[PDB]
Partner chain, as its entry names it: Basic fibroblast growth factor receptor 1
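Encoded as structure tokens, the following chain is the form deposited without the partner chain, with no partner shown.
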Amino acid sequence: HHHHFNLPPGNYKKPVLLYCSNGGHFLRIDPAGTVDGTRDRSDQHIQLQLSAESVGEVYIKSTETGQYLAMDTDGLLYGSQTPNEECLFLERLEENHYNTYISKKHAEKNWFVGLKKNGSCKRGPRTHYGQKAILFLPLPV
């Protein structure tokens, strides 16, 4: 393990919005496979369903399009039509409160899912422990 194992409470029984407190955006997976954040809670591409592959390891899927959130070899988030190794994330508790998602494939490099204040996704190498961009709260739909 390259990381701690403090896990968040709550389960995967229902779909959630992944809210980034950094700029106040909900994680959005566009039908074209594009990923970013939006502040519009009426958007139909921010509803996500998480599922556990192993304890603490999850897939994050758009309920609207069925796409899986994934992080590519250069650190960019994208929507994948099929589940692959780039779609698994280590879900952890952070600052005793928030949920963070580390790319399993690139866990040794500490590449996180994160949104900037302007709503754009952060590239894996630009993320790290301590940033506000990596902190999410799973709000009920």
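Numbering follows the first chain given and starts at 1.
Keep in mind the form deposited with the partner chain bound is missing from the figure; the text below concerns it.
Although the partner is absent here, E91 is a contact residue: one of its heavy atoms lies within 4.5 angstroms of the partner chain in the deposited bound form. Taking the partner from the other structure, the partner chain in the deposited bound form has a heavy atom within 4.5 Å of a heavy atom of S54. The partner chain in the deposited bound form is approached by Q49, whose closest heavy atom lies within 4.5 angstroms of it. In the deposited bound form, the partner chain lies farther than 4.5 Å from every heavy atom of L69.
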